[PDB]
Amino acid sequence: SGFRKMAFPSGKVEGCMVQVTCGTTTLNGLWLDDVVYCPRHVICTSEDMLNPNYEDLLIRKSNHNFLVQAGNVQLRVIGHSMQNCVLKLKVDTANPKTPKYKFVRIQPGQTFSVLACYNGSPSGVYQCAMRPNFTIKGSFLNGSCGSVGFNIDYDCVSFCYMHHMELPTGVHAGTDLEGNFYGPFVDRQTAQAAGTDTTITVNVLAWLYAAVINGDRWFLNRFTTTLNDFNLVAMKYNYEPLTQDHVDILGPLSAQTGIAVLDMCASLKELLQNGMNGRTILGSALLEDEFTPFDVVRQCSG
Amino acid sequence: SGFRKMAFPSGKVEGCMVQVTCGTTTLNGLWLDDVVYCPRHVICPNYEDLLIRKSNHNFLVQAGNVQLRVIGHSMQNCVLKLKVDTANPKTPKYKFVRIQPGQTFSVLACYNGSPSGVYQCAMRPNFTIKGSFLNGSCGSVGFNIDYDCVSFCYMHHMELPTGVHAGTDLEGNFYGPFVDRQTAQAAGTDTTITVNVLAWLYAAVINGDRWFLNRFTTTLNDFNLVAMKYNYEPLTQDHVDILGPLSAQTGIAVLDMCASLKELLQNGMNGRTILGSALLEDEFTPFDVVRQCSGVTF
Ligand SMILES: O=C1[C@H](c2cccc(Cl)c2)CCN1c1cncc2ccccc12
Ligand SMILES: O=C1[C@H](c2cccc(Cl)c2)CCN1c1cncc2ccccc12
Ligand SMILES: [Cl-]
């Protein structure tokens with residue numbers, strides 16, 4: 001019993017964190033086999049940050065300009081290449097702690113663990129979701145660039161995020177491990193803003209099923225709804241549309257609890273209308289949207 | 001910017017998790033040097049009588065895909081110590097520490113000696129933890145990291161009828177009035193960790209959330225009267241002193257923040273949130289707020 005915002009054990013990712021220094025800039029790198037991955041903006045000063053021509057800045061660099069530090073050992077950079085917004089620093093030593101890994105690009109609503117790092121040293125681990133507006137509500141200070149987001153289903157680490165930037169609202173933007181940004185963001189200081197954020201509906205429903213599995217049923221009602229009427233109501237509370245894919249994905253939780261997805265949708269409609277009335281659901285007074293249907297099954301069943 | 005419930009990096013603890021099997025029971029063990037620590041209910045009650053009947057080979061200890069050989073066994077309070085022939089090469093610098101209610105720690109939840117998740121939590125004033133544990137999680141540990149030293153503070157033993165959890169420090173002493181036996185046991189009435197709520201209000205101020213601040217201050221005695229009425233732990237002079245750095249950083253005296261908390265308790269949030277929460281969060285200590293809002297590494 002119990003329901004916690006749970007991150008994956010970070011050990012496999014900790015053994016990959018390194019410090020990358022370029023001139024005055026110091027940030028984090030991910031050392032896998034003989035390559036160190038890091039944000040390409042490590043080659044920028046902060047003055048050439050408004051409109052940097054990364055190809056032009058990178059061609060002027062030599063391998064010895066990049067100082068890579070893995071613990072108290074300086075790694076030797078033997079090559080460099082840029083792939084989208086990530087810099088790939090070929091080093092002369094393969095990381096002996098390299099876990100089984102994959103680079104996966106995630107979709108909005110997906111969750112992952114973040115190993116926040118400063119100077120190549122892990123300081124904390126927390127659980128995140130990719131918001132529908134492609135930002136993450138992280139906890140990052142200056143120096144955290146290059147910190148990574150991941151999932152560890154089974155023994156394979158799936159890297160899905162690399163931190164690059166903080167937007168003016170305090171939210172964060174970054175790329176997959178191929179250097180492609182999530183969202184319409186660019187790695188430059190031009191005026192950028194997170195789009196209006198919406199609640200991840202399928203995740204809220206999964207969390208309502210988690211509460212039912214944990215013995216809480218107060219919010220359930222005798223009503224059902226059509227998928228269209230649910231979405232017409234959902235949109236008015238800035239909730240993401242619920243697709244037939246999401247209804248299908250919620251199938252196992254529906255079968256386990258005996259509450260049809262559209263029946264749980266009618267509970268959600270009622271909660272949106274009434275609020276909680278001094279009550280909580282899984283120790284929360286707000287509807288939680290950073291647990292996917294997959295997270296709920298993993299945590300509640302194994 | 002941002003404020004998350006953040007756990008310590010679990011790597012140093014992952015290298016210590018093993019699976020302990022005895023009879024039909026399978027649970028987790030903590031392998032440090034040549035000893036595996038696990039709950040004594042794995043033998044299970046007269047635990048001295050049950051243990052004397054067990055031989056070393058009855059305990060099957062598995063570290064990954066390698067079976068460890070048990071060369072001795074002894075009991076210390078509600079913890080069983082299984083001497084093994086091999087010292088754990090991944091043994092970090094560590095200490096066994098007993099924590100106080102209100103202190104926080106990271107839990108590395110495990111099943112079959114394999115770490116499955118890490119979460120942060122606090123020792124409640126009623127000595128329970130609001131954890132997330134299924135059957136098979138016994139022996140999962142709670143810890144903090146101080147520089148490069150892992151301080152083990154908790155070992156999971158059981159789940160109470162309300163879904164909350166009870167366990168021991170690594171010396172086998174239970175937190176709370178609990179016993180490791182199937183009997184009627186209930187978590188006592190819980191209270192809110194006042195010093196932690198204040199630390200979280202300072203974290204919200206540091207993050208740009210000031211709506212709850214007011215011009216008022218209060219005496220410590222008047223605040224404790226209000227706090228007692230709302231099932232909040234008494235705020236001591238030690239807690240006021242501990243909150244000093246955050247008070248100096250934000251420019252809001254501890255008793256000034258106490259007057260914000262009093263108004264929040266009497267009037268509610270009024271549809272507003274603080275750090276994305278509609279409830280007052282009490283599972284961040286003043287040290288956790290300083291560590292996160294200043295980026296300390298391990
Ligand atoms: O946002 C940025 C900077 C930046 C600027 C423009 C484009 C890029 Cl790709 C990156 C680089 C550091 N950084 C930060 C990243 N995360 C958290 C932070 C907190 C407080 C100050 C800064 C922070
Ligand atoms: O509470 C117990 C049992 C127990 C019984 C008597 C004495 C002791 Cl010390 C412990 C052993 C397993 N266990 C659990 C431990 N944590 C979470 C759980 C969740 C769901 C079911 C069980 C759980
Ligand atoms: Cl995805």
Side-chain angles (χ1 to χ4, degrees), chain A residues 1-15 17 97 113-128 136-144 152 154-155 166-172 214-216 275-276 278 280 283-287 295 298-302, chain B residues 1-15 17 90 106-112 114-121 129-137 145 159-165 203 207-208 268-269 271 273 276-280 288 291-298:
Chain A
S1 207
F3 207 64
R4 281 274 178 188
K5 188 145 283 172
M6 215 183 271
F8 281 100
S10 60
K12 294 171 166 54
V13 182
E14 292 169 56
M17 301 315 300
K97 301 184 185 142
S113 306
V114 173
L115 180 62
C117 297
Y118 298 92
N119 301 296
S121 285
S123 58
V125 65
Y126 60 88
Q127 191 70 3
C128 262
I136 81 170
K137 290 182 158 180
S139 177
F140 290 122
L141 304 174
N142 206 171
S144 60
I152 311 180
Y154 322 115
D155 67 330
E166 182 169 295
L167 290 168
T169 51
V171 301
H172 309 286
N214 263 62
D216 220 338
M276 297 215 197
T280 57
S284 179
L286 286 185
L287 304 178
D295 290 343
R298 200 173 178 274
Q299 188 173 168
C300 303
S301 315
Chain B
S1 323
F3 207 63
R4 282 275 178 191
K5 189 144 282 172
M6 217 184 271
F8 281 101
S10 58
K12 294 172 163 58
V13 181
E14 291 170 56
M17 303 314 301
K90 302 178 182 172
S106 305
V107 172
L108 181 61
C110 298
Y111 298 92
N112 301 297
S114 168
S116 59
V118 66
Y119 59 88
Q120 191 69 4
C121 72
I129 81 172
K130 292 179 158 184
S132 183
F133 291 121
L134 303 173
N135 199 10
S137 59
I145 307 177
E159 181 170 292
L160 290 168
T162 50
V164 301
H165 308 105
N207 263 283
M269 296 217 196
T273 57
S277 179
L279 288 183
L280 302 175
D288 293 342
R291 200 172 304 123
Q292 185 171 172
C293 306
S294 89
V296 176
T297 64
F298 316 94

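Letters A, B, ... are given to chains in the order of the sequence lines, protein chains preceding strands, and every chain is numbered from 1. For the numbers below, each heavy atom of this structure counts, side chains included, while hydrogens, waters and symmetry mates do not.
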Next item on the list: Select one option (side chain, backbone, both, neither) describing which atoms of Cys117(A) are under 4.5 Å from chain B's heavy atoms.
Entry: neither
Item checked: Electrostatic pair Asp295(A):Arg298(A) at N-O distance under 4.0 angstrom -> no
Item checked: Interface residue of largest heavy-atom contact number with chain A, from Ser114(B), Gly163(B), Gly136(B), under 4.5 Å -> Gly163(B)
Notebook entry, point to check: When only pairs under 4.5 Å are counted, which of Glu166(A), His172(A), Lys12(A), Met276(A) shares the most heavy-atom pairs with chain B?
Noted result: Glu166(A)
Next item on the list: Between chain A and each of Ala109(B), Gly131(B), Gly15(B), count heavy-atom pairs under 4.5 Å; write down the option with the most.
Entry: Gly131(B)
Margin query: Less than 4.5 Å apart, side chain to side chain, heavy atoms only: is that true for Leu279(B) and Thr280(A)?
Written below: yes
Checklist line | Heavy-atom contact with chain B under 4.5 Å, split by part of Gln299(A) | finding: both
May I have the list of side-chain donor-acceptor pairs in residues 1-8 of chain A shorter than 3.5 Å, sequence neighbours left out?
unit_1	atom_1	unit_2	atom_2	d
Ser1(A)	OG	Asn214(A)	ND2	3.3
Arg4(A)	NE	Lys130(B)	O	2.7
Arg4(A)	NH1	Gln120(B)	O	3.2
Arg4(A)	NH2	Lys130(B)	O	2.9
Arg4(A)	NH2	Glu283(B)	OE1	2.7
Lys5(A)	NZ	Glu288(A)	OE1	3.4

Next item on the list: Mind ranking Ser132(B), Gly117(B), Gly295(B) by heavy-atom pairs under 4.5 Å with chain A and telling me who comes out on top?
Entry: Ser132(B)
Margin query: For the OH atom of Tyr126(A) and the CD1 atom of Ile136(A), what is their distance to the nearest 0.5 Å?
Written below: 5.0 Å
Notebook entry, point to check: With a 4.5 angstrom heavy-atom cut-off, which part of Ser137(B) approaches chain A: side chain, backbone, both or neither?
Noted result: neither
Note to self: For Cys121(B), which atoms come within 4.5 Å of any heavy atom of chain A: side chain, backbone, both, or neither?
What the structure shows: both
Checklist line | Side-chain heavy-atom pair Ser10(A), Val118(B) within 4.5 angstrom cut-off | finding: no
Next item on the list: Output all residues satisfying side-chain hydrogen bond (donor to acceptor under 3.5 Å, both in side chains) with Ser123(A), sequence neighbours left out; order by chain, then residue number.
Entry: none
